[PDB]
file coords-v9.pdb (PDB, C-alpha atoms)
MODEL        1
ATOM      1  CA  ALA J   1     -37.462 -35.000 -12.839  1.00  0.00           C
ATOM      2  CA  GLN J   2     -39.522 -32.736 -15.154  1.00  0.00           C
ATOM      3  CA  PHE J   3     -40.927 -31.157 -11.946  1.00  0.00           C
ATOM      4  CA  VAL J   4     -37.312 -30.584 -10.796  1.00  0.00           C
ATOM      5  CA  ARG J   5     -36.637 -28.970 -14.218  1.00  0.00           C
ATOM      6  CA  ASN J   6     -39.766 -26.806 -13.695  1.00  0.00           C
ATOM      7  CA  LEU J   7     -38.385 -25.952 -10.220  1.00  0.00           C
ATOM      8  CA  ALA J   8     -35.124 -24.969 -11.990  1.00  0.00           C
ATOM      9  CA  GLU J   9     -37.148 -22.580 -14.218  1.00  0.00           C
ATOM     10  CA  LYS J  10     -38.636 -21.059 -11.025  1.00  0.00           C
ATOM     11  CA  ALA J  11     -35.077 -20.960  -9.586  1.00  0.00           C
ATOM     12  CA  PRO J  12     -33.974 -19.055 -12.729  1.00  0.00           C
ATOM     13  CA  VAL J  13     -36.734 -16.501 -11.987  1.00  0.00           C
ATOM     14  CA  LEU J  14     -35.458 -16.403  -8.363  1.00  0.00           C
ATOM     15  CA  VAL J  15     -31.897 -15.829  -9.687  1.00  0.00           C
ATOM     16  CA  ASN J  16     -33.236 -12.889 -11.762  1.00  0.00           C
ATOM     17  CA  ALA J  17     -34.809 -11.536  -8.533  1.00  0.00           C
ATOM     18  CA  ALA J  18     -31.413 -12.009  -6.796  1.00  0.00           C
ATOM     19  CA  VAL J  19     -29.802  -9.919  -9.572  1.00  0.00           C
ATOM     20  CA  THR J  20     -32.657  -7.399  -9.213  1.00  0.00           C
ATOM     21  CA  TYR J  21     -32.060  -6.844  -5.411  1.00  0.00           C
ATOM     22  CA  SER J  22     -28.216  -6.684  -5.815  1.00  0.00           C
ATOM     23  CA  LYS J  23     -28.343  -3.868  -8.472  1.00  0.00           C
ATOM     24  CA  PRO J  24     -29.636  -0.929  -6.240  1.00  0.00           C
ATOM     25  CA  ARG J  25     -27.038  -1.739  -3.483  1.00  0.00           C
ATOM     26  CA  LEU J  26     -24.498  -1.920  -6.374  1.00  0.00           C
ATOM     27  CA  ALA J  27     -25.956   1.419  -7.701  1.00  0.00           C
ATOM     28  CA  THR J  28     -25.170   3.061  -4.292  1.00  0.00           C
ATOM     29  CA  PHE J  29     -21.574   1.718  -4.628  1.00  0.00           C
ATOM     30  CA  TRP J  30     -21.632   3.036  -8.249  1.00  0.00           C
ATOM     31  CA  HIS J  31     -22.710   6.525  -6.957  1.00  0.00           C
ATOM     32  CA  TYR J  32     -19.457   6.577  -4.853  1.00  0.00           C
ATOM     33  CA  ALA J  33     -17.519   5.173  -7.914  1.00  0.00           C
ATOM     34  CA  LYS J  34     -19.223   7.496 -10.544  1.00  0.00           C
ATOM     35  CA  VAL J  35     -17.028  10.553  -9.585  1.00  0.00           C
ATOM     36  CA  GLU J  36     -14.352   9.870 -12.327  1.00  0.00           C
ATOM     37  CA  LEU J  37     -14.885   8.730 -15.997  1.00  0.00           C
ATOM     38  CA  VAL J  38     -11.329  10.058 -16.864  1.00  0.00           C
ATOM     39  CA  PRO J  39      -7.972  10.353 -14.875  1.00  0.00           C
ATOM     40  CA  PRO J  40      -7.912  12.730 -11.784  1.00  0.00           C
ATOM     41  CA  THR J  41      -7.410  16.559 -12.166  1.00  0.00           C
ATOM     42  CA  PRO J  42      -3.768  17.953 -11.894  1.00  0.00           C
ATOM     43  CA  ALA J  43      -5.344  21.076 -10.243  1.00  0.00           C
ATOM     44  CA  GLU J  44      -5.073  20.058  -6.571  1.00  0.00           C
ATOM     45  CA  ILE J  45      -1.509  18.731  -6.965  1.00  0.00           C
ATOM     46  CA  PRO J  46      -0.441  22.122  -5.538  1.00  0.00           C
ATOM     47  CA  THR J  47      -2.612  21.633  -2.457  1.00  0.00           C
ATOM     48  CA  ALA J  48      -1.167  18.168  -1.889  1.00  0.00           C
ATOM     49  CA  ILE J  49       2.481  19.128  -2.370  1.00  0.00           C
ATOM     50  CA  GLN J  50       1.981  22.098  -0.050  1.00  0.00           C
ATOM     51  CA  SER J  51       0.377  19.908   2.607  1.00  0.00           C
TER      52      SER J  51
ATOM     53  CA  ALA E   1      63.381   6.467 -24.714  1.00  0.00           C
ATOM     54  CA  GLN E   2      63.707   8.558 -21.512  1.00  0.00           C
ATOM     55  CA  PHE E   3      63.219  11.629 -23.767  1.00  0.00           C
ATOM     56  CA  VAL E   4      60.031   9.974 -25.112  1.00  0.00           C
ATOM     57  CA  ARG E   5      58.953   9.429 -21.463  1.00  0.00           C
ATOM     58  CA  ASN E   6      59.717  13.133 -20.795  1.00  0.00           C
ATOM     59  CA  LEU E   7      57.640  13.950 -23.914  1.00  0.00           C
ATOM     60  CA  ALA E   8      54.858  11.814 -22.357  1.00  0.00           C
ATOM     61  CA  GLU E   9      55.063  13.994 -19.197  1.00  0.00           C
ATOM     62  CA  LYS E  10      54.675  17.077 -21.449  1.00  0.00           C
ATOM     63  CA  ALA E  11      51.800  15.248 -23.219  1.00  0.00           C
ATOM     64  CA  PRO E  12      50.176  14.701 -19.787  1.00  0.00           C
ATOM     65  CA  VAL E  13      50.381  18.487 -19.236  1.00  0.00           C
ATOM     66  CA  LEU E  14      48.861  18.926 -22.737  1.00  0.00           C
ATOM     67  CA  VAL E  15      46.067  16.471 -21.777  1.00  0.00           C
ATOM     68  CA  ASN E  16      45.385  18.605 -18.661  1.00  0.00           C
ATOM     69  CA  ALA E  17      45.164  21.649 -20.990  1.00  0.00           C
ATOM     70  CA  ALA E  18      42.750  19.649 -23.215  1.00  0.00           C
ATOM     71  CA  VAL E  19      40.575  19.010 -20.125  1.00  0.00           C
ATOM     72  CA  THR E  20      40.932  22.710 -19.217  1.00  0.00           C
ATOM     73  CA  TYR E  21      39.578  23.964 -22.640  1.00  0.00           C
ATOM     74  CA  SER E  22      36.717  21.358 -22.712  1.00  0.00           C
ATOM     75  CA  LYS E  23      35.316  22.400 -19.256  1.00  0.00           C
ATOM     76  CA  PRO E  24      33.977  25.967 -20.150  1.00  0.00           C
ATOM     77  CA  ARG E  25      32.224  24.624 -23.333  1.00  0.00           C
ATOM     78  CA  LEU E  26      30.902  21.823 -21.040  1.00  0.00           C
ATOM     79  CA  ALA E  27      29.931  24.556 -18.467  1.00  0.00           C
ATOM     80  CA  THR E  28      27.772  26.270 -21.172  1.00  0.00           C
ATOM     81  CA  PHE E  29      26.088  22.860 -21.797  1.00  0.00           C
ATOM     82  CA  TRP E  30      25.771  22.542 -17.967  1.00  0.00           C
ATOM     83  CA  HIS E  31      24.045  26.006 -17.828  1.00  0.00           C
ATOM     84  CA  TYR E  32      21.331  24.574 -20.193  1.00  0.00           C
ATOM     85  CA  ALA E  33      21.292  21.311 -18.084  1.00  0.00           C
ATOM     86  CA  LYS E  34      21.366  23.096 -14.617  1.00  0.00           C
ATOM     87  CA  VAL E  35      17.583  23.971 -14.744  1.00  0.00           C
ATOM     88  CA  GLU E  36      16.477  20.797 -12.782  1.00  0.00           C
ATOM     89  CA  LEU E  37      18.157  19.156  -9.689  1.00  0.00           C
ATOM     90  CA  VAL E  38      14.798  17.357  -8.894  1.00  0.00           C
ATOM     91  CA  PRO E  39      11.861  15.978 -11.082  1.00  0.00           C
ATOM     92  CA  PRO E  40       9.788  18.556 -13.146  1.00  0.00           C
ATOM     93  CA  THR E  41       6.919  20.618 -11.537  1.00  0.00           C
ATOM     94  CA  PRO E  42       3.290  19.190 -11.789  1.00  0.00           C
ATOM     95  CA  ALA E  43       2.120  22.869 -12.044  1.00  0.00           C
ATOM     96  CA  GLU E  44       2.072  23.261 -15.844  1.00  0.00           C
ATOM     97  CA  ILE E  45       0.410  19.863 -16.399  1.00  0.00           C
ATOM     98  CA  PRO E  46      -2.838  21.870 -16.699  1.00  0.00           C
ATOM     99  CA  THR E  47      -1.370  24.047 -19.448  1.00  0.00           C
ATOM    100  CA  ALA E  48      -0.194  20.982 -21.358  1.00  0.00           C
ATOM    101  CA  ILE E  49      -3.430  19.009 -21.058  1.00  0.00           C
ATOM    102  CA  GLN E  50      -5.380  22.092 -22.129  1.00  0.00           C
ATOM    103  CA  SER E  51      -3.132  22.620 -25.141  1.00  0.00           C
TER     104      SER E  51
ENDMDL
END
call {"tool": "encode", "arguments": {"input": "coords-v9.pdb", "output": "structure tokens"}}
result
Amino acid sequence: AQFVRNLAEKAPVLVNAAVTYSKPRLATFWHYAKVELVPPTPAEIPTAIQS
Amino acid sequence: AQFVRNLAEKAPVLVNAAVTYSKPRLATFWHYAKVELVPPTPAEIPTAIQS
């Protein structure tokens, strides 16, 4: 009852820990995804068309 | 009647002459329109984005 609610508060802390562990793995994925904040360069278009 | 039909045959020759005169003026328009037989180059995209 109230103890289960207290357990839920501990579970909320556990959920925060779950978010905490997920973020660095997500940060590694972000490092791969951080290459572009704007659309890709039209500079290598020549290389691609030539290939 | 038949003379009007004969006049129509002459008119058909006149229509061919009308097509004949239109084609060189159209050819000048074609010279302006003959620049691209395929989609435009992605080479100047840099110039445009920089401008």
call {"tool": "closest_residue", "arguments": {"input": "coords-v9.pdb", "among": "J:48, J:4, J:13, J:37", "to": "chain E", "atoms": "all atoms listed in the file"}}
result
J:48
call {"tool": "closest_atom_pairs", "arguments": {"input": "coords-v9.pdb", "of": "chain E", "to": "chain J", "cutoff": "12 Å", "atoms": "all atoms listed in the file", "output": "Markdown table"}}
result
| residue | atom | partner | partner_atom | distance |
| --- | --- | --- | --- | --- |
| E:41 | CA | J:46 | CA | 9.6 |
| E:42 | CA | J:45 | CA | 6.8 |
| E:43 | CA | J:46 | CA | 7.0 |
| E:44 | CA | J:42 | CA | 8.8 |
| E:45 | CA | J:42 | CA | 6.4 |
| E:46 | CA | J:42 | CA | 6.3 |
| E:47 | CA | J:42 | CA | 10.0 |
| E:48 | CA | J:42 | CA | 10.6 |
| E:49 | CA | J:42 | CA | 9.2 |
| E:50 | CA | J:42 | CA | 11.2 |
call {"tool": "axis_aligned_box", "arguments": {"input": "coords-v9.pdb", "around": "stretch 33-51 of chain E", "padding_each_side": "4 Å", "output": "AutoDock Vina command-line options"}}
result
--center_x 8.0 --center_y 20.0 --center_z -17.0 --size_x 34.7 --size_y 16.1 --size_z 24.2
call {"tool": "atom_distance", "arguments": {"input": "coords-v9.pdb", "atom1": "atom CA of residue J:34", "atom2": "atom CA of residue J:20"}}
result
20.1 Å
call {"tool": "atom_distance", "arguments": {"input": "coords-v9.pdb", "atom1": "atom CA of residue J:40", "atom2": "atom CA of residue E:51"}}
result
17.3 Å
call {"tool": "atom_distance", "arguments": {"input": "coords-v9.pdb", "atom1": "atom CA of residue J:22", "atom2": "atom CA of residue J:10"}}
result
18.5 Å
call {"tool": "decode", "arguments": {"input": "coords-v9.pdb", "residues": "stretch 23-41 of chain E", "atoms": "N, CA, C and O atoms", "output": "CSV table (one decimal), in the first residue's frame"}}
result
chain,number,residue,atom,x,y,z
E,23,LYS,N,9.1,28.9,-88.4
E,23,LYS,CA,10.2,28.0,-88.0
E,23,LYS,C,11.5,28.7,-87.7
E,23,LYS,O,12.1,28.3,-86.7
E,24,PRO,N,12.1,29.6,-88.6
E,24,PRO,CA,13.4,30.3,-88.2
E,24,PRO,C,13.3,31.1,-86.9
E,24,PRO,O,14.2,31.1,-86.1
E,25,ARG,N,12.2,31.9,-86.7
E,25,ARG,CA,11.9,32.7,-85.5
E,25,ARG,C,11.9,31.7,-84.4
E,25,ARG,O,12.6,31.9,-83.3
E,26,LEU,N,11.2,30.6,-84.5
E,26,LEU,CA,11.1,29.5,-83.5
E,26,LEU,C,12.5,28.9,-83.3
E,26,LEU,O,12.8,28.5,-82.2
E,27,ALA,N,13.3,28.8,-84.4
E,27,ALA,CA,14.7,28.2,-84.3
E,27,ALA,C,15.6,29.2,-83.4
E,27,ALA,O,16.4,28.6,-82.7
E,28,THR,N,15.4,30.5,-83.5
E,28,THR,CA,16.1,31.4,-82.6
E,28,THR,C,15.7,31.2,-81.2
E,28,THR,O,16.6,31.1,-80.3
E,29,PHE,N,14.4,31.0,-80.9
E,29,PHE,CA,13.9,30.7,-79.6
E,29,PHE,C,14.5,29.3,-79.2
E,29,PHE,O,14.9,29.2,-78.0
E,30,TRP,N,14.6,28.4,-80.1
E,30,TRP,CA,15.2,27.0,-79.8
E,30,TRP,C,16.7,27.2,-79.5
E,30,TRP,O,17.1,26.5,-78.6
E,31,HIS,N,17.4,28.1,-80.1
E,31,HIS,CA,18.9,28.3,-79.8
E,31,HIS,C,19.0,28.7,-78.3
E,31,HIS,O,19.9,28.1,-77.7
E,32,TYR,N,18.1,29.6,-77.8
E,32,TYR,CA,18.1,30.0,-76.4
E,32,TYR,C,17.7,28.7,-75.6
E,32,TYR,O,18.3,28.6,-74.5
E,33,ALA,N,16.8,27.9,-76.0
E,33,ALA,CA,16.3,26.7,-75.3
E,33,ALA,C,17.1,25.4,-75.5
E,33,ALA,O,16.8,24.4,-74.9
E,34,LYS,N,18.1,25.5,-76.4
E,34,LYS,CA,18.9,24.3,-76.8
E,34,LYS,C,20.1,24.0,-75.8
E,34,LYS,O,20.8,23.0,-75.9
E,35,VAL,N,20.2,24.9,-74.7
E,35,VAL,CA,21.3,24.8,-73.8
E,35,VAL,C,21.3,23.5,-73.0
E,35,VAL,O,22.4,23.0,-72.7
E,36,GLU,N,20.1,22.9,-72.6
E,36,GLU,CA,20.0,21.7,-71.8
E,36,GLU,C,19.2,20.6,-72.4
E,36,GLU,O,18.0,20.9,-72.7
E,37,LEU,N,19.8,19.4,-72.6
E,37,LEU,CA,19.0,18.2,-73.1
E,37,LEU,C,18.9,17.3,-71.9
E,37,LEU,O,18.3,16.2,-72.1
E,38,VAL,N,19.4,17.7,-70.7
E,38,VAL,CA,19.4,16.8,-69.5
E,38,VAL,C,19.3,17.8,-68.3
E,38,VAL,O,19.4,19.0,-68.5
E,39,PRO,N,19.1,17.4,-67.0
E,39,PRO,CA,18.9,18.3,-65.9
E,39,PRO,C,20.1,19.2,-65.6
E,39,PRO,O,21.2,18.7,-65.9
E,40,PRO,N,20.0,20.4,-65.0
E,40,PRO,CA,21.2,21.3,-64.8
E,40,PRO,C,22.3,20.7,-63.9
E,40,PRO,O,22.0,19.9,-63.1
E,41,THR,N,23.5,21.2,-64.2
E,41,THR,CA,24.8,20.7,-63.4
E,41,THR,C,24.7,21.0,-61.9
E,41,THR,O,24.1,22.0,-61.6
